[PDB]
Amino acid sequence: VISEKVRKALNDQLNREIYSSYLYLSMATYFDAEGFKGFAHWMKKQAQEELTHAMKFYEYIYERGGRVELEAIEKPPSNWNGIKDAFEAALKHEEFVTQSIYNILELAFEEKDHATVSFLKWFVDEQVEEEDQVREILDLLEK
């Protein structure tokens, strides 16, 4: 009942959320190496959140009668130039994930897949809240 085009787009995004989880876990390995246990805990929490996002995509794909194919996960960076540098990389990364989702929203609109449109709008709300949260952390730390 979902086209292969939307199913591929949602599977691509599932794999994107897996990498996002893995990237935040990698930022935690850097924070934990530098002794920033609280920032590392923030990243581990975010890594878990991204994995719960991936599994929401997982179950939606199967609910719409499609299948999930897991792809290779690229090695993430493991070092940044300080706390602020890591969080700016997170913000840039989230902005990319927000763009990726809007492109699925656009495809869903073009195919009049109104169930996918309503499914994705939760993720648009969540990622803007995520982007705002990283911006608030960066603002808190400035200079």
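Sequential numbering from 1, following the sequence displayed.
Undergrad: What stretch has the higher average Cα B-factor here, 110 to 118 or 36 to 44?
TA: The stretch with the larger mean CA B-factor is 110 to 118.
Undergrad: Mean CA temperature factor from the deposited coordinates, higher in 129 to 137 or in 18 to 26?
TA: Result of the comparison: 129 to 137.
Undergrad: Name the residue from 57, 87, 31, 80 with the greatest C-alpha temperature factor listed in the entry.
TA: That would be 80, according to the entry.
Undergrad: Per the entry's values, where does residue 9 land by CA temperature factor relative to the rest of its chain, in the lowest, middle or highest third?
TA: Within its chain, residue 9 is a middle-third residue by C-alpha B-factor, going by the deposited values.
Undergrad: Lowest, middle or highest third: where is residue 76 by Cα B-factor in its chain?
TA: It belongs to the lowest third of the chain when residues are ordered by C-alpha B-factor.
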